[PDB]
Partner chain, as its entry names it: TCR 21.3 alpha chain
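Heads up, the chain below is alone and in the form deposited without the partner chain; it's given as structure tokens.
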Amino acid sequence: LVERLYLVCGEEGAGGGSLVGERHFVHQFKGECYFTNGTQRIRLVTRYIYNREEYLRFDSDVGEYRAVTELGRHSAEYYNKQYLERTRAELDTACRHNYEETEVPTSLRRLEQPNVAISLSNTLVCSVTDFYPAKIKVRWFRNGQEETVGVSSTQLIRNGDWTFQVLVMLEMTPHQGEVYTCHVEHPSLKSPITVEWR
């Protein structure tokens, strides 16, 4: 069993001791790995956040921790002396490892075929549902001509269950003889999907 790794949360050089006890106080940590063209370029950004204010950040493009706001002024010096070398190393030991050893065999290989159906309500709606990953191309055709004006589209909707949907609408008016088709291309499909509506 190969292993997903994580970005370690660095501690303030504190020691603390103050107590808060309808008031609440929130702290966040975010360890972010950005990948482009495989692992050919990786950018690691770690964020330390008090309530909603990011006050301290490591950015591998920058090379060290920097205070993002005044609230982080004292934090940066301490994090650079205590955690800089191991944070730098995590670009390889956490970001690259996770992509190459765990995303390549799971997330990046995952494929789910879109379902495609056409409904009226005028507006023809091509409902393109339950696909993964996000890359998709949906086009409306009105008797053989790809439509441009009159087409609108929802944002790509994240279902939260590792599928997406998008609804692609064509403003039109029904007439006895016309055919309409939505064409869908997605990396999961052996051949593009066409659904006709009359």
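Take the two forms, find the largest set of C-alpha atoms that superpose within 1.5 Å, and that set is the rigid core. Residue numbers count along the first chain shown, from 1.
Colleague: After fitting on the rigid core, which stretch moves more in 6 other deposited structures of this protein, 35 to 43 or 150 to 158, going by C-alpha RMS?
Modeller: Between the two stretches, 150 to 158 moves farther in 6 other deposited structures of this protein.
Colleague: Relative to the deposited sequence, how many residues with no modelled coordinates occur between residue 121 and residue 122 (none, 1 to 3, 4 to 9, 10 or more)?
Modeller: The entry leaves 4 to 9 residues without coordinates here.
Colleague: For the higher mean C-alpha B factor in the entry, choose 96 to 104 or 110 to 118.
Modeller: According to the PDB entry, the answer is 96 to 104.
Colleague: If you average the Cα B factors in the entry, which is higher, 146 to 154 or 131 to 139?
Modeller: Result of the comparison: 146 to 154.
Colleague: Between 8, 1, 5, 193, which carries the biggest CA temperature factor in the record?
Modeller: In the PDB entry, the greatest C-alpha B-factor among 8, 1, 5, 193 is found at 1.
Colleague: Quick one: which of 43, 27, 66, 47 has the biggest Cα B-factor according to the entry?
Modeller: Each of 43, 27, 66, 47 was compared by C-alpha B-factor; the highest is 66.
Colleague: C-alpha B factor of residue 182, ranked within the chain: lowest, middle or highest third?
Modeller: Middle third, going by the recorded CA B-factors of the chain.
Colleague: Relative to the other modelled residues in the chain, which third contains the C-alpha temperature factor of residue 37: lowest, middle or highest?
Modeller: Tercile = highest for this residue's CA B-factor.
Colleague: Quick one: classify residue 166 as lowest, middle or highest third of the chain based on its Cα B-factor.
Modeller: As the PDB entry reports it, the C-alpha B-factor of residue 166 lands in the lowest third of its chain.
Colleague: Using the B-factor values recorded in the entry, state whether the Cα atom of residue 89 falls in the lowest, middle or highest third among the modelled residues of its chain.
Modeller: For residue 89, whose C-alpha B-factor we compare with every modelled residue in the chain, the answer is the highest third.
Colleague: By its CA B factor, does residue 172 count among the lowest, middle or highest third of the modelled residues in the chain?
Modeller: Tercile = highest for this residue's CA B-factor.
Separately, the form solved in complex with the partner chain exists; it is not shown, and the next lines address it.
Colleague: Please check if residue 113 has a heavy atom lying within 4.5 Å of any heavy atom of the partner chain in the bound PDB entry.
Modeller: Result no; residue 113 lies far from the partner chain in the bound PDB entry.
Colleague: Verify the contact flag for residue 123: yes if a non-hydrogen atom of it lies within 4.5 Å of a non-hydrogen atom of the partner chain in the bound PDB entry, no if not.
Modeller: Result no; residue 123 lies far from the partner chain in the bound PDB entry.
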